[PDB]
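# Descriptive analysis of the structure
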Amino acid sequence: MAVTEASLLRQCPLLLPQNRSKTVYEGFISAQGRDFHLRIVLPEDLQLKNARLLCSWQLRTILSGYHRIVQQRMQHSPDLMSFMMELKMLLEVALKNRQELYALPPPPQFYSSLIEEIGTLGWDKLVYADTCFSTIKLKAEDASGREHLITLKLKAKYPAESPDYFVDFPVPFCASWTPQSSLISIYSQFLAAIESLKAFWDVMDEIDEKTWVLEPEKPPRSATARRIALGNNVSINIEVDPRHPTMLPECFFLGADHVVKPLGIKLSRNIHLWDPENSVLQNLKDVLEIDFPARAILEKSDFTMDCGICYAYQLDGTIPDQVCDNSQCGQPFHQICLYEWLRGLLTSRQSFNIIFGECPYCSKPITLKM
Amino acid sequence: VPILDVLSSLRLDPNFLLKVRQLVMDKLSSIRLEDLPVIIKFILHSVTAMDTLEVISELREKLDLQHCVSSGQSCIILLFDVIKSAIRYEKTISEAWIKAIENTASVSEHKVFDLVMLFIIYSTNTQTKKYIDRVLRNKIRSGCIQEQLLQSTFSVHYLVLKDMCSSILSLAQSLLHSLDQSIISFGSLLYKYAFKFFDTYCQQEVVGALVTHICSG
Amino acid sequence: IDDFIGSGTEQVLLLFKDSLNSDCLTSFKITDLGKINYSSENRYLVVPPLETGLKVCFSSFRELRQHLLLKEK
Amino acid sequence: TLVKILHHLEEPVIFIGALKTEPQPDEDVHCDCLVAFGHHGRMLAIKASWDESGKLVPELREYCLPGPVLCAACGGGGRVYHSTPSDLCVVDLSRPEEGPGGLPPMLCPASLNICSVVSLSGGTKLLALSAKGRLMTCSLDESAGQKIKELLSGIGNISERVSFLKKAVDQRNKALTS
Ligand SMILES: [Zn+2]
Ligand SMILES: [Zn+2]
C-alpha cells in the first residue's frame, strides 16, 4: 500500500513487530525463496539515522562486502519501506553474483524418470555419468561407424528446462527443447544434425586414410579445413562445405613459385572436368593429374622439410611453406622467420604487402607475400 | 524490407512510393542496425534524376554515425560498401551528394559523414577531383572544416579508409602546394594520421612524400 | 570376517567341507557382495550419481528442519 | 596485563585448520585459506579475494556436508580427510574457491581421530584408527538390477520428507498472516 500498516505486509509479510510501540520489528526477509532471520530495533522516533540491525551469521557472511553500503543506506534512506526494498534488491544481486552455491534435485521426478530415459536411449550409448549426476555423456554413430560424443548438464529438475548440451561438430547445434522432448528426442535431433553432414565425413575419413594429411593433425569432427602434402615441400590446403562436400571446396597451394606454378595451371584447365559424383581424392588425382605420396614417408625427418632460419617444423604450428624459386636451394622457410630476416636487410624493398630480397642460402630473388 | 521487396514487386503508382520514402526517412533513426543498409539500398534504387537532391539532403541531415554503437562495425562497413556500389554503378549520385555538402554552407555544425564520403568519392570516379579539392579548400578557408573533426574521423572510421589510403596522400600533396597556413596544417595532419594508424607501406609512402616535399618544395 | 584383502573394509571368508582334503584352507570363498568375489559395465557406470543424490537431498532435509524450528521459535 | 568472536558457527566444533589453497620441499608453507568444522557437518572456509573494491576483501563460504562429523585433518595440496560414521571421505579445494562442496569416499570404514602425514616421496600415505579399535595405515594414488532398487529406496526416503517440509511451509504462510 501507500501506508506501511499494509505496504510493510505486502513487501515484508515475514517482517513484523513485537513491541507495543512499532519500534521492535523482527521476523524474516524473503530472497529467491529463502527466508533469512532478521531483528531490527528502531529508536523511539522513526529515524533510520540510528536503526539497530542484527541478523543471522548466515546473512552477515552473505553481506560481507556491503556493510559500508548498509551504513550508507540506513542513514540516507527516507523510509524503512524503500530501505528494505533496496535491501532485497541488493540481496538478490549478491546471490546472483554468488550463484555458484546453488543446486538440489527432486528425486522422484529426476532419479526415477532419468534411468527410464537411459533404457529408452540404450545403455550402450551410455559412455559416462557424473558422481553428481550433473554431467552425462553419450555416443552417436555415423553410418560409417564414426563415434560422435556429446555432453549434457542436468539441472535439479531436468525436463522442466533445457540441459546444457555441448557437442564436437562445427555448425551451431540447435536442439528444439520442449518438455515433451526427452533424451531420445534430442538424440534423434543429434542424428538429424549428423545425417545432414554425413557425406562430408565420407570424404573426410577417405582423406584421413589415404594421403599425407598435414595440419589438422588428429583432425576432430569439427575440422572442415584440411591440409595435404604432395610432391616435396609443396602442400595444398582445402576447406569443404559440409552440405555439398563433393562440391569443389576452395583451395590453394603452399610452396615454390616453380612447383606451385604449373599445378594451378593444370587445375585451371581440369576443374571443368570436376565430376562431383566421384570421391574428392579420386577427382583430385585426375584434376591435378598426379598421385599423392600417400603417407609415403609421413612424419619421418630426412631434414628436407625444415625452416632453414629457425631449423624447425611446426614453428607455433606454422609450417615451412615459403620456399626458394631455385632448383639448387629449394630451401623452405616459415613466414615469420623469413619476414624478420628480410625486415632489417637493406636491399629488402617493400611493396603493398610484399617483401623482396635475397634467399639467405643462395642470394637469389625471393618474394614474401604477407 | 519484406514490405519493400513486395512493393518493388507489385503494380503501383510511384506517388505512393514517395510518401513511403518520406515515411521511412522519418522512421530512419528509429530502425535497428542490421537491416539499415538494405533500406538505404532500397532508397538509392528508388531515387530518380530529380528528387535525388532533396532526399539526399534529408539523408545527409538524418545520418549521424556517432549513434551506431561487434556493436556497429560490420554493418557500417557493409553500408559503406553498399553506398560504394551505388555511386559506382551510377554517377549523378556523387555530383548531387557534393552539391549537398557544398551548399551546406551556413552549417558550422558539419558531421563526420561528409569528409568520409569525400574521401570515398575522391578514391572513386576522378573527373571531379579538382571540384573536390576546390570545395575542400573553400570550406577550410571558411573554417567550417577543422581538426577535432579529422581527429574523431580517423579515431573511428579509419578501417573504411585503409583500403583507400593512397587517396589521402594524392590529396595532401595538392593541400601542401597551396598557401593559407590552415590548409597546409590540414595536409600535415593528413600525413600524420596516415603514418599513424595505417600499415608499413602507408608509413613508407608518407615518409617518401614528405621527403619529396622537403627536397623539391 | 575381516579385511583379509587389506583394502580397508570388511569382507567375509567361507570354508567348504573338509571332505575335500585332510588339510585346511582349501575350497575357500571370499566376498564383499559388491564387486569382490574370490574363489578356487553400463551397470557399473551410474552408482556414484545415485549415492550423491541421497545425501544431497538429505542435506536439503536437514536445512529445512532448521528452517522449521526457526519460524516456530 | 579484547577476545573477538569472528563468525559464531551454531553447532559444536571439532576441527580447525589451514591450507595453502592454490599450492602452485619446505616445512612451513604460507597457508592461504582457513577451515573450521562442526559436529553435524557444518564446514566453514575463508579466503582473501581483494576483489570488487580495489581493496582487500574476505571471501567466505559456509558448506553443509552430510553426516555427524567425527574427526578430520588436512592433506597437502589443499585437501581434507574427514570421517563420517559411514565411511572416510575427502574434499579437494585448490582451483576463487569452489561453489559446491562435493566429496567422494575412499572405501574405508568409519574411522575416528585421523592424523595425516606427507611423504613427498609416490603420493600421500597416512595413519588412522578404526572405530572398532584397530590401527591402520593407508597409501594413496545383476548390479544394475540392484542399482534400480537403490535408486528407488533413496527416492522413497527423500520424497516423504520433501512433503513434510511443504507441510511446514503451509503452517508458516498461514501463521504469518495470523
Ligand atoms: Zn621458422
Ligand atoms: Zn635459395
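Residues numbered from 1 in each chain as written, not as in the entry; some residues may be left out. Chains lettered and ligands numbered in written order. Part of a larger assembly, values for the part shown. Heavy atoms only, no water.

Per the deposited record, cryo-EM is how this structure was determined, to a resolution of 4.4 Å.

Naming follows the PDB entry, where chain C appears as Fanconi anemia group B protein of Homo sapiens. The record lists the entry's title as "Structure of the human Fanconi Anaemia Core-UBE2T-ID complex".

As recorded in the PDB entry, chain A goes by the name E3 ubiquitin-protein ligase FANCL, listed as coming from Homo sapiens. According to the UniProt record, the Pathway comment for chain A reads "Protein modification; protein ubiquitination." (UniProt positions renumbered as here; feature names shortened; annotations may be inferred.)

This part is about the coordination of the zinc ion (ligand 1). Residues and elements named next belong to chain A. The zinc ion (ligand 1) binds to the protein through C307 (SG), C310 (SG), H334 (ND1) and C337 (SG), with metal-donor distances spanning 2.0 to 2.3 Å. The coordination sphere of the zinc ion (ligand 1) comprises 4 donor atoms, whose angles at the metal cover 74 to 146°; the geometry is irregular. Spacing between the donor residues of the zinc ion (ligand 1) along their common chain follows C-x2-C-x23-H-x2-C. Taken as a pair, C310 in the loop between α9 (280-289) and α10 (336-344) and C337 in helix α10 lie far apart in primary sequence, 27 residues in all. With a relative accessible area of 11%, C337 lands in the buried category. (Donors = N, O, S within 2.8 Å, 3.2 Å for Na, K, Ca; no water. Tetrahedral: all angles 85-135°; square planar, octahedral: opposite > 155°, others 65-115°. Helix = DSSP H or I, 4+ residues; strand = E, 2+ residues; numbered from the N terminus. Buried < 20%, exposed > 50% of the residue type's maximum accessible area, 1.4 Å probe, protein only.)

What follows is about the nonpolar core. Soluble globular proteins: nonpolar side chains tend toward being buried together. Counting 65 residues, the largest nonpolar core has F80, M117, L150, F154, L190 and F198 of chain B as the members making the most contacts within it. The dominant element in this core, judged by the number of residues it contributes, is helix α7 (residues 113-123) of chain B, at 9 residues. (Core = buried A, V, L, I, M, F, W, Y, C linked by side-chain atoms within 4.5 Å.)

Here we come to a nonpolar patch on the surface. Residues and elements named next belong to chain B. Together, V6, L10, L12, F16 and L17 make up an exposed nonpolar region whose accessible area comes to about 400 Å². Mapped onto the elements, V6 comes out in helix α1 (residues 2-9). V6 gets classed as partly exposed once you look at its relative accessible area, which sits at 44%. (Patch = residues over 30% accessible without salt bridge, like charges linked within 9 Å, V, L, I, M, F, W, Y side chains within 5 Å. Areas by Shrake-Rupley, 256 points an atom, 1.4 Å probe, with all protein chains shown as cover. Salt bridge = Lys/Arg side-chain N within 4 Å of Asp/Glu carboxyl O.)

Turning our attention to the interface of chain C and chain D. The interface is formed by 27 residues belonging to chain C together with 23 residues belonging to chain D. Approximately 2,200 Å² of surface area, both sides summed, lies buried where chain C meets chain D, with 59% of it carried by carbon and sulfur atoms. Considering only the surface of chain C that becomes buried against chain D, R43, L50 and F61 of chain C emerge as the three largest contributors, covering 25% of it. Remark: the boundary between chain C and chain D carries 2 salt bridges. One salt bridge in this structure joins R134 of chain D and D2 of chain C, with 3.1 Å as the shortest N-O distance. (Contact = heavy atoms within 4.5 Å. Buried area = accessible area lost by both parts, 1.4 Å probe.)

Quick look at the sheet that holds strand β2 (residues 28-31) of chain C now. Residue and element names in this part refer to chain C. Strand order in this open sheet of 3 strands is β1-β2-β3, and the pairing throughout is antiparallel. For this open sheet the edge positions go to β1 (12-15) and β3 (37-38), each flanked by a neighbour on one side alone. Relative to β3, β2 is paired through 2 bridges, and the arrangement is antiparallel. Paired with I30 across the bridge in β3 is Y38. (Pairing = 2+ DSSP bridges.)

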